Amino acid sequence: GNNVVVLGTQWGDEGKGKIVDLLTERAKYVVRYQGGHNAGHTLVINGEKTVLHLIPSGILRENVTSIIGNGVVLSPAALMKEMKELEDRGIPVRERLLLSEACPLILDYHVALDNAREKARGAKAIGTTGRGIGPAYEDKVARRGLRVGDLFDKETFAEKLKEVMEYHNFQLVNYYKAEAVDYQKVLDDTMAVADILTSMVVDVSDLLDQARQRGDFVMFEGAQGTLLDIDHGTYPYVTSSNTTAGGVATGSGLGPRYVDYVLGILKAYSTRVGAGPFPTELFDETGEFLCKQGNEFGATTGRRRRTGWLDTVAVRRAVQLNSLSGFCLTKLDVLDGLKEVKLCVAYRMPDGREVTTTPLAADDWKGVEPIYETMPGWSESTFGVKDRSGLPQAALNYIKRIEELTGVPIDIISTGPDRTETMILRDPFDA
């Protein structure tokens, strides 16, 4: 299909960057539709690694036009830092990146609040990346926040900013008792690159409509994952944007009817950074082992990730909400050397009931116990293999079982961090 969505079927970190980078080879555009610099992906081409956060994972490809859509809360300081790093490396960012005047601006006071609020929560802390995403999203809905388009009239920008900062400082010092974020600093910092951001402005919605009418390969790229959806994830242990496929049309302007195929990045086992329900969470040697072989540490905060088994019950939630077309199974290689592998098939509720459906809010995950099927592991190295014939039957049955339990075929399989250590059984674009 012409319009292909790529997102996280678990709790982010399942492998989006590598995949969008791999698949954008035929794309004209690439779009980020939600999130901000809370994201973090490691792309790896012939060993050379690239860590992105705010910038779409098609930015290294010349033939592609990256675009950060209105859904995204954009941080001026952040883009700039990622910009120089890629330019210093031969990737002419400003020449290939487009943005939307409607993106909300993440400014210092936003980090100041996120840290404050996260502090106040004490032990019930969310475990946020610490980037100011929540508050930026807050001012967005409150209709008090500033967006890229605001930079068109600098005088006016400064007026708005002065009072938004007026509003936010009163709380910071009087309520949380933290230090105030100085207005001039913020005004100066921002004005120093206002001209850069604004140059990058394009009417995104009308552009996708234009690209759609011509049949241009557009790939939409998600951040975080499904269970982090502000509406459908483990509330309140979630991010503040609709990480689910519904965020595509809202944060881009493309009418929902034009979503062709939805690719769900499915990690071979599970991970999660931040507080929150995690049924299949492993605290044993295997947990330790997964974190190890999977080099499981946040690409944004460097925090160790919580590890556990693949959860089919949870994955099945991801299927229905995103209207999945297929799965891209990643990190199958990390399970190498495991005597046996389990996949959560059902939940045992605190009241003795057996279920195949996930609770909604986090408190409703409290009792919940995972019921599994324990399949045999495999001694063979699957790393870098690029053909199924190179996959031992154990690994094949594990894959097949996954499909059976979900009703969704594994269209691509990743066996290593490098773009090429991959096998595409069907390109989301060829249907």
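All residue numbers are counted from 1 along the displayed sequence.
Novice: With reference to the PDB entry, specify whether the mean Cα temperature factor is higher for 226 to 234 or for 108 to 116.
Specialist: Stretch with the higher mean C-alpha B-factor: 108 to 116.
Novice: Can you let me know which of the two, 41 to 49 or 372 to 380, has the higher average C-alpha B-factor in the entry?
Specialist: Taking the mean B-factor of the alpha carbons in each, 372 to 380 is higher.
Novice: Just to confirm, going by the entry's C-alpha B-factors, which of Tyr261, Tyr137, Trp309, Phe289 comes out highest?
Specialist: That would be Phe289.
Novice: In terms of recorded Cα temperature factor, pick the maximum from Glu159, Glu101, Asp333, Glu221.
Specialist: Highest C-alpha B-factor among the listed residues goes to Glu159.
Novice: By its CA B factor, does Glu14 count among the lowest, middle or highest third of the modelled residues in the chain?
Specialist: Middle third by C-alpha B-factor.
Novice: According to the PDB entry, is the CA B factor of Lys124 in the bottom, middle or top third of its chain, that is, lowest, middle or highest?
Specialist: Answer is highest: the recorded C-alpha B-factor places it there.
Novice: By its CA B factor, does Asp387 count among the lowest, middle or highest third of the modelled residues in the chain?
Specialist: Top third by C-alpha B-factor.
Novice: Among the modelled residues of its chain, does the C-alpha B-factor of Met80 lie in the lowest, middle or highest third?
Specialist: Middle third, going by the recorded CA B-factors of the chain.
Novice: Within this chain, which third does the Cα B-factor at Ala431 fall in: lowest, middle or highest?
Specialist: Highest third - that is where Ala431 ends up once the chain's C-alpha B-factors are sorted.
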